[PDB]
Amino acid sequence: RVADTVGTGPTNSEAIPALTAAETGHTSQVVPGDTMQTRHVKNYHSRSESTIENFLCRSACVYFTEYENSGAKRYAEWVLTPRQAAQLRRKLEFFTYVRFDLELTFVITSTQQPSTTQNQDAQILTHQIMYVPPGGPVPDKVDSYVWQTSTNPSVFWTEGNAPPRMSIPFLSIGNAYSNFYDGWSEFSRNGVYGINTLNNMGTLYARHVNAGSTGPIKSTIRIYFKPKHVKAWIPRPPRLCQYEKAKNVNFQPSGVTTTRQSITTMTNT
Amino acid sequence: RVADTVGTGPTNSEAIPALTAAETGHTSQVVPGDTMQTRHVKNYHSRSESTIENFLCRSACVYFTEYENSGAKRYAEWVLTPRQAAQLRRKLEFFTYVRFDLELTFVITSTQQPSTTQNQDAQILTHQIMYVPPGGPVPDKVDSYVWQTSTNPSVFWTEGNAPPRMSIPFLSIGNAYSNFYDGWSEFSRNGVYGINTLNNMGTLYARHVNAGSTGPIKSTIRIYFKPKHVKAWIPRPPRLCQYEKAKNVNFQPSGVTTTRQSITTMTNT
Amino acid sequence: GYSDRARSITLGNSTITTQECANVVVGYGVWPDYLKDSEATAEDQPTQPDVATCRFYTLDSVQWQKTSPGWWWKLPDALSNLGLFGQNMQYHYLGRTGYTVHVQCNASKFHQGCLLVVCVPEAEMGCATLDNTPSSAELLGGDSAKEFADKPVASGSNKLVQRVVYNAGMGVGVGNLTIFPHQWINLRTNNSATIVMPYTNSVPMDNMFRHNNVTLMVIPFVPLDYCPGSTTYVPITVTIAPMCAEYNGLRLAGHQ
Amino acid sequence: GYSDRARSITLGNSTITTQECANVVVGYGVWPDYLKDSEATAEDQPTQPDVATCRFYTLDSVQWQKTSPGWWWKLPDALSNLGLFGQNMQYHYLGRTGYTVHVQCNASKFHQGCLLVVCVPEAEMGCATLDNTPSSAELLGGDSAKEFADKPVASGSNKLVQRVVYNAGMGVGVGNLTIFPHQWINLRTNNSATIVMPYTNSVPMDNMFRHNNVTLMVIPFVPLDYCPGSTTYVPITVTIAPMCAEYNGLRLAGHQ
Amino acid sequence: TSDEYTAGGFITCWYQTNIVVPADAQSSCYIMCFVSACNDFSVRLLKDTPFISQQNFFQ
Amino acid sequence: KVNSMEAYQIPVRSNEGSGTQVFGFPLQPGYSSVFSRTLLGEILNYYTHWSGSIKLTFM
Amino acid sequence: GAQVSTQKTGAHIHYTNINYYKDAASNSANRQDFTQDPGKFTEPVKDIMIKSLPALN
Amino acid sequence: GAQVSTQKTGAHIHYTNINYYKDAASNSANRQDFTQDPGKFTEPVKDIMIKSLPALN
Amino acid sequence: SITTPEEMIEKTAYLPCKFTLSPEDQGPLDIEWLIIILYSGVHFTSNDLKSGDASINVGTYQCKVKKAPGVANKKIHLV
Amino acid sequence: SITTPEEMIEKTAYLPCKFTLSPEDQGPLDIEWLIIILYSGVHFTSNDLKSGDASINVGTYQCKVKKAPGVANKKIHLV
């Protein structure tokens, strides 16, 4: 439960709680009743919504992509990562190291595309979503034998039903995930900087199992991450600047904050 | 259990229950057996349906609005409030201060619009409903990044399923909600009167996730409030007049009641 | 009867004494130690040089001027060529250690100014060109301090570093760097600053040539100012002591 | 382990901290209190504002120059127009209170000078013209300090005040003002001065508009002196807190 | 968010006494400010920030 | 001043007077541009409401 | 952790309930609160008024 | 093997839970962990600092 | 919400359009007058019109104040 | 990932295209240069180009490195 105010009266002594040294690196722990007279106020407030779990445990769209039942793009692929979007990336990067299970949800939708084809009656569409762990064979075509999913996890889903949902545990070879990596994967120090293999989570593939109709249709899949059972270490300053890339921390220099008219102005200019 | 009649006989005394002073501000508590002879009638009646809970705990349409899958209106927005409709507003305003949780339901429907487009086969439609708490970013377009719903609550729903339903707790910064506010938000007393920030509950946004078809479709969403776990204080006289605005109590002067032919007429003229 | 301003730190064959110290900041409340049996993964027996590796090494001095933006040092790189600490990281594949960092700057009462001394974990920085990544030579200076810039760096197909001071090279507010272990050198009150950092990583040990676990930043928030006739050359000196250092994976010397 | 030089005083919603204080002088050894039942005469129930009236009020600042004779303030008049203390003495016929007076003047080591801060009971002063009596406007300055003179004042059928500094306006030796509660602000040692005064009168309460129970005098015995290049503008600030204030005789506001 | 009903107040600073220096010291100085929360602080109603935005998928 | 370290410095000097103002800003922890980017302000901008006392340290 | 309560029945039986969520704003409505106290709005006088006695004497 | 816990309630009730799967990464989020320890990031000094005492002596 | 959204100014004519923004409002601010002048990110009398004064200095003149999601209007009859 | 995917070579001109393959990448390897030369299962300087050197020896020259699912590009301005 949050702390409760203690009642105090007047003072005249050599006790000096208001005077300190910020050079020590220490935050002063002064209560209001150290510098004024206060009443007794029992406080029933709770810091329940400020826990790292509640702060992080909401589903978030991290990526979406399209595919068609005919033409060049018959299937979609995406390397799993939360750095493509802005919002969950910025929340996660409040910390240096995190450790969580994942809850994964998909929202798949379809739209009829313009064409001159006639007498089009469409059957229901079933979709296949396949996760390939890093190292395994990948599908070169919609009819590739790898869709056999003998070992790779797969989820079949028919339009009109509930969204598909699955739980993924902590898969890092290291003890904790890393949001930041000051180094190289090459001992020589050459090559790409800030890149390592600690947070590699494999690729996602999506296709139509049937074509359904004699006319063209285009599907979109949206992926949602929800972190569960969270642990985090080393707090970090929030991202002041607009993200530019998914792979690195590059940015454009920006003002510390917004500007007003003067140092005594009580409004925002 | 409601009270039971007590049997009485004839009287001749200085006890005067029928005579009183209404100037005191006190309602007389006379039973029928104070002014006539009565039998004993055990009463099994119960005042169970007159509780504030049962009186208020029914779903009520408070607003409905439209959007299209093509054209200028691609998404809908609405500031949550129960003053837009007449019925729940009038029931709630029997009291000065209320305190309740909310149960929220949505009824979303779609209709095909007239057009000359041909060979139209439509896929199933999924809708997104997003609640933004007061202070957060709002969507300038259907494809706006804010639909990522990293923190804002969202509900995805596919046509043909049950209506979506969620529970919202008491969100007021003040101890109780206010149906009436005799004052201004400005200490100067200038500005709008009867307006405060105690009952601000944020905005609602609605859109199609997919367009579904090559022809035009228009959706409507209807919102339903159900108050739960109710507390109320200070009873108030019922609204005699027809509501005119949502924001204030303005009205047009109306007769105290209906008019008959004379003071002895037993019918309504 | 003594003064909390006077402190002495002894490590190996070295000892530092300061007559004007605020106190000591201790990491995250964690004193450095050795890796325990129930937290290890590598199976060979480690080596622990102790007094030979755990001792104070003093680096080059920088000059605090009236317009200086600030300086940074990667801790593992800073001592990579210094003594048996350097030799042991040269012949081994895995290392593990904490630090004691002591910053020194004296001046007279008239001299004014304030420096922030901060130990930042995983100080991953950004390139001026958005497509490219900062060059190793630009990011690391083993025997020399790396300098911040005041003006923004120009991006023209190069591998430079956005060394803007108000973004701390990491595209974040510089005033919010206080979450990290830190102390302030205020010329009127302070003389030196001391931080004791434990080993911070997501793995139990790491290779010390391709990864820098921590970076030391010294940034003047208030500029240096003196009236004429006062000393104009004011240096800053950095002294670092490894703590509880252990090494695994002995092989031929070199990094490739 | 602390320093007797550092003291903090908290009253109502205000708090004053001084890092260089001699100590606190307490009246005649008497801490202020409320009037007791066996000492009262007026029978209605008193009002006690507390935090609303008992709190620090800061007045205008005066400039200490090399030739300044001194300044004086009637305590009741000084706060007669300030906040709820002023309002409560406006609506009431009788009042009763003590004081905490804090005087402030800082300067560097080079600056020299010494001020006497004294709280004098019944500081009845004399007119320059022997037949007349000093005018109220001349005797009282509610929001402004009253100044002493160094030269004697000329008597020509006026209602001025003999504000000679070496006679303290009361026709007495100025060096003998030490019997009264007092403290010395010596620039080389002191920074501020504090006196806690109790209620002093021959009656249990009094009307606060026609009688001033106490007067605050600040007099430089050693002049202010500095070599060229030092700060030339040195102010003095006065801060006063009423203590255990009570009021009787509520009626329409005004003094007539 | 900005709101006149839930107004907070004003925070100001004034010179109680002047800055006083000797000869050969700088008469211009700076002050620094730090803001921290007390042990009775809490927040409510988690929502999205108006500080980070996006127009296309970062790569 | 925002594109520099001068935004964090509060200037003071020696005046020929007393009682003049040094600074002023409102008590708006998450909305005022003086606070909205501080560690407290960044955390506040994820939540609709706030409650508690605040500590301002001046060095 | 099941709760057995009585159903609304006529004059002149139980049901079972289990809570599934964690917030208590998710629970069902309290429809069986039959508490009454009309003496605030009615008869709110400082001195008590007996029925058989004259209101003013 | 049912677990009865307390729901989030206001100031000034239970719910039941059963696990169905075998992995424990399939369980629900831990939303009731209200443990705090700010003394790592704040006040991280070697010698303790009393509030009423001067920081440096 | 605009203060007094219906009034008749009978007479330089000062047309007041002082407005207030709800906590919910967070969209871009757009101000338009009708009969003439538009403000987007006759002459406006206030340099800080963003703070809440959309007044202008000069039939029916309509002031439209739009900050998503709030929308407010004010009609003034200038005689 | 290609090292330094943006650079200007001012001057035989050696155009570097050294690349790295993610554990996820497992598809067939295809290398293409643009302005000219294609590698599938101007002259390349490395016999073992599969290991990670797609450099060539000779406007803007673009190196495209494709191993499913990874796709990387590098633009070089030869003056």
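One-based numbering along the chain as shown.
Any Cβ shown, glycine's included, is placed from N, Cα and C.
Features of the protein shown, as given by Swiss-Prot:
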- J:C17-J:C63: disulfide bond (DISULFID)
- J:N57: N-linked glycosylation site (CARBOHYD)
Measuring Cα to Cα, how far is J:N57 (N-linked glycosylation site) from J:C63 (disulfide bond) in Å?
13
Which secondary structure state does DSSP assign to J:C17 (disulfide bond), in the simple three-class scheme?
coil
For J:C63 (disulfide bond), name the DSSP secondary structure in the helix/strand/coil scheme.
strand
Taking the Cβ of each of the disulfide-bonded residues and counting other Cβ atoms inside 10 Å, which one has the highest number: J:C17, J:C63?
J:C17
Would you mind checking how many other C-beta atoms are within 10 angstroms of the C-beta on J:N57 (N-linked glycosylation site)?
11
DSSP three-state assignment for J:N57 (N-linked glycosylation site)
strand
